[PDB]
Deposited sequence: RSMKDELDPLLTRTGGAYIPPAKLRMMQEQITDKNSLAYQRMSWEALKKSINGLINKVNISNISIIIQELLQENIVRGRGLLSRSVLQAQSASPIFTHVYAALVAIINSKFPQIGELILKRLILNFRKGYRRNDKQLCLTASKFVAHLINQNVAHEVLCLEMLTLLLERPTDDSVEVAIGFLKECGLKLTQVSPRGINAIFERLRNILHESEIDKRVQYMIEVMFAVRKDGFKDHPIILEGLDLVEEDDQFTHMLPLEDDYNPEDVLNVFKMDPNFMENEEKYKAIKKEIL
């Protein structure tokens, strides 16, 4: 508890010659800056947001950036795609952040699936789909998720699976046609040989209609976000079933004795990353 005070009224109180207290201040400042930038990101400003994010030591704060991106995507799924694009850029320069984001996203999806958390399933699945579209994650992840949802299908499972396929179906078709054809064959078999509600059969029908339309309402990446060339991207292969450590300890501040030295090292790398 306690009343919030504006930061201006805080700068008049104390001032800091740098090491321990500086590290704590800079850690909190980095967290605030990353959170603000993730709140600012959109398609029209993706480039400037990328360069301003790269000006920050995002490898030291890779857990902070991961947590902020996941929170933003979970709370604002309308922008999943651009978030993915953002990742797709940073992952092209610092793959460890992409791997970290991907692993905690997979654990989030699995937790939601186990916990019967609808909205979290939808958000995590959409994020996985658009990270697949940006070549950040290997397409295997999609196919295993769809097989999981359709092995013993329920109404809700078919709904979440069909919503997931809507987003990544074009990429799956270009990359793995036989897998998506198997998915559609299973969809037809469930549409016919199963007792089901009219709504879910209608959803299967609209999925077949969108495939017949060629996913014209669900492109891979919208114009303005294809910013990493296939040959320059680093596509992580993380299966769904593997046991992962989200490394939550990376979100908590710890003092490093060579702090200023590694900070200068990151500044030297930043004067290289353009």
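Unmodelled regions of the deposited sequence, numbered from residue 1: 1-14, 31-33.
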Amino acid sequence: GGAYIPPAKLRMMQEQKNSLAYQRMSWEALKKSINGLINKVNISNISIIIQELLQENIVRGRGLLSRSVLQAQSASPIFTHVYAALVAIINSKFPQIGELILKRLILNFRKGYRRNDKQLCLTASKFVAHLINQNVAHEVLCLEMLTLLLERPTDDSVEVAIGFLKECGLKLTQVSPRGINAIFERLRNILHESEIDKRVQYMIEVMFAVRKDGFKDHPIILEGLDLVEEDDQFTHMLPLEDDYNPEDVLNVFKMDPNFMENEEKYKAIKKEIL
From here on, numbers count along this sequence of modelled residues.
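A summary of the deposited B-factors shows that, of 197-205 and 105-113, the stretch with the larger mean C-alpha value is 197-205. Per the PDB record, of the two stretches 185-193 and 125-133, 185-193 carries the greater mean B-factor over its C-alpha atoms. Ranked against the other modelled residues of its chain, the C-alpha B-factor of residue 147 as given in the entry falls in the middle third.
Per the PDB record, residue ranking by Cα B-factor puts residue 169 in the highest third of the chain.
When the modelled residues of the chain are ordered by their C-alpha B factor, residue 160 lands in the highest third. Placement of the Cα temperature factor of residue 73 within the chain: middle third of the modelled residues, per the deposited record.
Annotation for residue 119: CA B-factor lies in the highest third of the chain's modelled residues.
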